[PDB]
């Protein structure tokens, strides 16, 4: 569990975590409370992993786009500043961290990518993407290259993809339409095609990552890079005389970076929420606190009005805000995780040659729009439903044990198990949730009820060999591609927020109420006894199920 009486903070290792630790030093000087600042890798994935178990940091720093999913998963405490504090930060930064009407983090700073260029190699940087191929030819004749930036993270390639028409989710009169994705329209294809052709023509290398591009630019090997304000400090340390300016245009349109608001959330499981609010409001989000972080690694245009009025005089910040104004604030909706994962795969596969731009973006378009109903269909698609029903039909008319038990299912005892199971408020909750997700679960269960109510079957010739109730389950499980299920299950938790959210709804279900249902109902107990009496390990089933959901 989270340790009480201290603060543990997670922030990405490219940010000013040493400056943040200096703020932690002042907090301890004043209060006696110790602050630990960590910067683990894959922070945006590590936090929901550990926080879901009730563990993790008291405070989590990341761009705001990830926080709606965290909040939906119940990982974040509501943020309720007093009026005077709220007024100290720009309204549009509070907007970035508002989800379902509640504030779910403190906004810190506005981040936008810019074009960073070597003034000595390139006194006049290009205004267009289209002229960069020729510039690289010219620079290649001098032992240099034109442009290197991180091609492993779609954050860096999105501004080009969006320039001539690409978009994540369509925004209209208030809301984002998570069914209207814009990653495979003509503008998106054109932008990614231009990136891939830069690689095909050897103006960039598909394996270039953050560290490679940073080293190349700061050691004077490449004339340009694309990065955010956090990167300026290392460039300062280098010998490079650099400028920060507007991103290049594509087809006459501005590059459109997805703008992030670095935000600080409080772990819902933290026993230190009051200390975290004091640290964030009265130590970090002050002129002195943000200056400490900013002098370590620049934050960008900070959310704090008083200090942004100083930083705004910096031409590098002017360029950051110019690029931000030409881009768009990221959504914070949970579906952003699907979007980023889909475009990540598309860019890497297209840049590697593994796929064409058209095929990679076509797959990303469908993946970014993933919905629970679509995910469920992929599981059904794996199941031979024709065969499963025939086994059930053969057993229903041919197998002695199956008939015995099917007959039991038509008595009062099971009728009461059935009516009482589906009267539980915990079960009705799941059914309505599925109906909200456009899965006709009531219709499906009433199809099962109509079948359990069967009194006559069409004539058929019986099968000669059946193996009782255990033989029925062995024969039907044998038709289930169980490895593919567990694989598909693992991918969907990564590619589909709605699938994860449904699993979380079951995981976080009040499992006790079901044990109450069992331990207090004689009809339920009998039902379970009968199953065991036919050789069916019901206990090994429930226990295995409880493990699946962590009950």
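Residue numbers count along the first chain shown, from 1.
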Exercise. Looking at the deposited entry, does 378-386 or 91-99 carry the larger mean Cα B-factor?
Worked result: 378-386
Exercise. Where do the C-alpha atoms have the higher mean temperature factor in this entry, in 347-355 or in 275-283?
Worked result: 347-355
Problem set entry | Candidate residues 33, 63, 60, 501, the one whose C-alpha B factor the record puts highest | 501
For this session: Compare the CA B factors listed in the entry for 516, 55, 41, 28 and report the winner.
Result: 516
Seminar exercise, completed: Split the chain's modelled residues into thirds by Cα B-factor; residue 142 lands in the highest
Exercise. Considering only modelled residues of the same chain, in which third does the CA B-factor of residue 482 rank: lowest, middle or highest?
Worked result: highest
Exercise. With respect to C-alpha B-factor, does residue 14 fall in the lowest, middle or highest third of the chain as deposited?
Worked result: middle
Seminar exercise, completed: On the chain's distribution of Cα B-factors, residue 8 falls within the third called lowest
Exercise. Based on the entry's values, in what third of the chain does the Cα temperature factor of residue 232 lie: lowest, middle or highest?
Worked result: lowest
